[PDB]
Trainee: 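My questions will all concern the structure given below.
As the structure lists them, so they are numbered: ligands from 1, and atoms in each ligand from 1. FYI, side chains are in, hydrogens and waters are out, and symmetry mates aren't considered; it's all heavy atoms of this structure. One-based numbering along the sequence shown.
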Amino acid sequence: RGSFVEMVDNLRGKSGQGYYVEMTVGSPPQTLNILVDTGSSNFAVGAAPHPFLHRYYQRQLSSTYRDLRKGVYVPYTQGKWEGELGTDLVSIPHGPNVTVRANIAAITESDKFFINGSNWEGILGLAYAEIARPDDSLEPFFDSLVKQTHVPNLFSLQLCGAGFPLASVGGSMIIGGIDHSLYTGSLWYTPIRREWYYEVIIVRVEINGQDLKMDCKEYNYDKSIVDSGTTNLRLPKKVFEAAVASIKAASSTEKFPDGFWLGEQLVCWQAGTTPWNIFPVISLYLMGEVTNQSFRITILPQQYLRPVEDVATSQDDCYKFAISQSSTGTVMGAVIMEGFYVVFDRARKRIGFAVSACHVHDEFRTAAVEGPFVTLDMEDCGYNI
Ligand SMILES: C[C@]1(c2cc(NC(=O)c3ccc(C#N)cn3)ccc2F)NC(=N)OCC1(F)F
Ligand code: NA
Ligand code: NA
């Protein structure tokens, strides 16, 4: 409890390519790097020689592979994978000293799934069975881990982002606990509304302290989730309109092309001259643990202006605006998570936020987690189908 030195710094990544953990599958163990995704619930790995892959799971080499004789086809908004289901022995070398029998989708065909130039070969879906494919009888990895071992039913993520001048990203996934060195201040908890995605309720939104003043249902239309497998802070379309209008207004000392705000083009500045000061902070108030109580998390432009390194077109420091409109609800992606240590307290159906000890900031502003606030009618903020 509180100290897990063996798991600290067990995540790696490259800007724009996500955060992965080393895992082993099979007997003898095959090592793979696996994207950590709190926005899905399948453990799925490359199992054939796709050209983007550094390596892939070779089931024929594992003495402990058990075939489920069942396939799954998994389409996403863009791209898809198809695989064959089975079980095998799985470990996380920089994790708990346990080995468990987990479901594994051996990916045999894919499209726009793997990233050319990335160093990961599969995905670890850490969300709940309700969103597992093909259905909720396919037990997620974390559920198997907790069922088969004494590992406590929680994990925490510290995602440490990037800045110019371009280093790899990193962080820590603490499995079965919390490491107090990874944050400062106190943890503040918000309820997991429903166990499917890591669904939460946003009750107020401010841009540099100025409330957008929308019906709070709009903030959670049709849901709000905490998602390590998405880069952007995605906002429902109506909310995005309001937020960007407000952010533009706050930054109006400099003018940027409309396309920049829509993620249609980059903006670049002479190296070391990024004008962070002109950009506002973004605050989300989350439903608290107690009736009529909330707390707020605040991120900086260092989180939502993402460095883009691979730009042959330009010699300068180029950035993408990583707040974007959504039709799937609010997605608190890496843009949010990189500000915080985030505790997925599954045992107590709650998500904790604390200021990350590694987050990117400057001399004038830091990311923040502050409470309590008085917020009435927070249960009305939830959207119902
Ligand atoms: C399953 C999936 C998914 C995510 C990824 N995710 C990434 O590539 C990725 C890239 C950068 C960062 C950062 N920072 C996080 N994730 C890749 C393939 C998927 F298939 N997970 C998800 N949370 O939303 C999109 C998705 F549903 F499509
Ligand atoms: Na257990
Ligand atoms: Na601390």
Trainee: Applying the side chain to side chain contact (heavy atoms under 4.5 Å, CB included) test to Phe43, which of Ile123, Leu124, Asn103, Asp37 qualifies?
Mentor: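 So the option named by the test is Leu124.
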Trainee: Would one find more than 12 heavy atoms of other residues, nucleotides or ligands at under 6.0 Å from atom NZ of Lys248?
Mentor: yes
Trainee: Give the contacting part of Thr230 toward ligand 1: side chain, backbone, both or neither, where contact means a heavy-atom distance below 4.0 Å.
Mentor: both
Trainee: Taking the basic N atoms (NZ, or NE/NH1/NH2) and the acidic carboxylate oxygens, is any pair closer than 4.0 Å for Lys80 and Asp111?
Mentor: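 No, this pair does not count.
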Trainee: For atom 22 (C) of ligand 1, what is the closest protein heavy atom, and at what distance to 0.1 Å?
Mentor: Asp37 OD2, 3.5 Å
Trainee: Does either side chain, that of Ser27 or that of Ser63, offer a donor lying less than 3.5 Å from an acceptor on the other one?
Mentor: no
Trainee: With nothing but distance in play, are any N or O atoms of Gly229 less than 3.5 Å from an N or O of ligand 1?
Mentor: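 N/O-N/O distance below 3.5 Å exists for this pair.
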Trainee: In the protein, how many N/O/S atoms are under 3.0 Å from the Na ion (ligand 2)?
Mentor: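 Those protein atoms number 2 in total.
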Trainee: Give me the ring orientation class for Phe344 and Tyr198: parallel if the planes are under 30° apart, tilted from 30 to 60°, perpendicular past 60°.
Mentor: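 Judged by the thresholds at 30° and 60°, the geometry between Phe344 and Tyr198 is perpendicular.
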Trainee: Taking the six-membered ring for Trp, are the ring centroids of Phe114 and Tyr56 within less than 6.0 Å of each other?
Mentor: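 Aromatic pair excluded; centres sit 6.0 Å or further apart.
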Trainee: A cation-pi test, strictly: NZ or CZ of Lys238 under 6.0 Å from the centre of the six-membered ring of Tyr221 and no more than 45 degrees from its axis. Yes or no?
Mentor: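 Because its charged atom misses either the 6.0 Å distance or the 45° angle limit, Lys238 does not stack over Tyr221.
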Trainee: Check each of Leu68, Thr64, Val100 against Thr87 using the side chain to side chain contact (heavy atoms under 4.5 Å, CB included) test, and report the only one that passes.
Mentor: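 The passing option is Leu68.
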Trainee: So, is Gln17 polar-close to ligand 1, with some N/O to N/O distance under 3.5 Å?
Mentor: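 Among all N and O atoms of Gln17, none is under 3.5 Å from an N or O of ligand 1.
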Trainee: What N, O or S atom of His180 is found closest to the Na ion (ligand 3)?
Mentor: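 Considering only N, O and S atoms, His180 comes nearest to the Na ion (ligand 3) through O.
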Trainee: Does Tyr183 bring an N, O or S atom to under 3.0 Å of the Na ion (ligand 3)?
Mentor: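 Of the N, O and S atoms in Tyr183, at least one lies under 3.0 Å from the Na ion (ligand 3), which means yes.
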Trainee: When you look for heavy atoms under 4.0 Å from ligand 1, do you find them on the side chain of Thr38, its backbone, both, or neither?
Mentor: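 The answer is neither.
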Trainee: Starting from atom 13 (C) of ligand 1, locate the nearest protein heavy atom and write down its residue, its atom name and how far away it is, to 0.1 Å.
Mentor: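 Looking at atom 13 (C) of ligand 1, the protein heavy atom closest to it is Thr231 OG1, 3.3 Å.
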Trainee: Any non-hydrogen atom of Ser228 lying under 4.0 Å from ligand 1?
Mentor: yes
Trainee: Side chain, backbone, both or neither: which part of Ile123 has a heavy atom under 4.0 Å from ligand 1?
Mentor: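 Within the 4.0 Å criterion, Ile123 contacts ligand 1 through side-chain atoms alone.
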Trainee: Check whether more than 12 heavy atoms from other residues, nucleotides or ligands sit under 6.0 Å from atom NZ of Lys112, and answer yes or no.
Mentor: no
Trainee: Closer than 4.0 Å to some heavy atom of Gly16 - which atoms of ligand 1 meet that?
Mentor: 10 (C), 11 (C)
Trainee: Determine whether any heavy atom of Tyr19 lies closer than 4.0 Å to an atom of ligand 1.
Mentor: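 Yes, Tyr19 has heavy atoms under 4.0 Å from ligand 1.
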Trainee: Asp67 vs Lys70, test: salt bridge (charged side-chain N to carboxylate O under 4.0 Å, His left out). Steps then yes/no.
Mentor: CA-CA 8 Å; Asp67 197 332; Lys70 184 172 155 73; over 6 Å; no
Trainee: Identify, for atom 14 (N) of ligand 1, the protein heavy atom at the shortest distance, and state residue, atom and that distance.
Mentor: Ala334 CB, 3.2 Å
Trainee: Do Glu289 and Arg348 meet the salt-bridge criterion of a basic N to acidic O distance under 4.0 Å?
Mentor: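 Result for this pair is no, no salt bridge flagged.
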Trainee: Measuring centre to centre across the rings, with the benzene-like ring taken for any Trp, is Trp276 within less than 6.0 Å of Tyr319?
Mentor: yes
Trainee: Per the side chain to side chain donor-acceptor pair (under 3.5 Å) rule, which among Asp227, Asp222, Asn220 passes with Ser224?
Mentor: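 Testing each of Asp227, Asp222, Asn220 against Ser224, the sole residue satisfying side chain to side chain donor-acceptor pair (under 3.5 Å) is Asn220.
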Trainee: Please determine, by modelled atom types, if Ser283 and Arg296 share a side-chain donor-acceptor pair under 3.5 angstrom.
Mentor: no
Trainee: With under 30° as parallel and over 60° as perpendicular, where do the rings of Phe321 and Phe260 fit, or are they tilted in between?
Mentor: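 Rings of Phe321 and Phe260: tilted, as their planes differ by 30° to 60°.
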Trainee: So for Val331, does at least one of its heavy atoms come nearer than 4.0 angstrom to any atom of ligand 1?
Mentor: no
Trainee: For atom 19 (C) of ligand 1, what's the nearest protein heavy atom and its distance?
Mentor: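 It is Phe113 CE1, 3.9 Å.
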Trainee: For atom 20 (F) of ligand 1, which candidate among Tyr76, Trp120, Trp81 holds the nearest heavy atom?
Mentor: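 The nearest heavy atom belongs to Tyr76.
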Trainee: Give me the residue, atom name and distance of the protein heavy atom closest to atom 8 (O) of ligand 1.
Mentor: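 I find the closest protein heavy atom is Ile115 CD1, 3.8 Å.
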Trainee: Can you sort out which atoms of ligand 1 are near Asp227, meaning under 4.0 Å from one of its heavy atoms?
Mentor: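 Contacts of ligand 1 toward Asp227, numbered from 1: 22 (C), 23 (N), 24 (O).
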Trainee: Heavy-atom pairs closer than 4.0 Å: do any link ligand 1 to the side chain of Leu35, the backbone, both, or neither?
Mentor: side chain
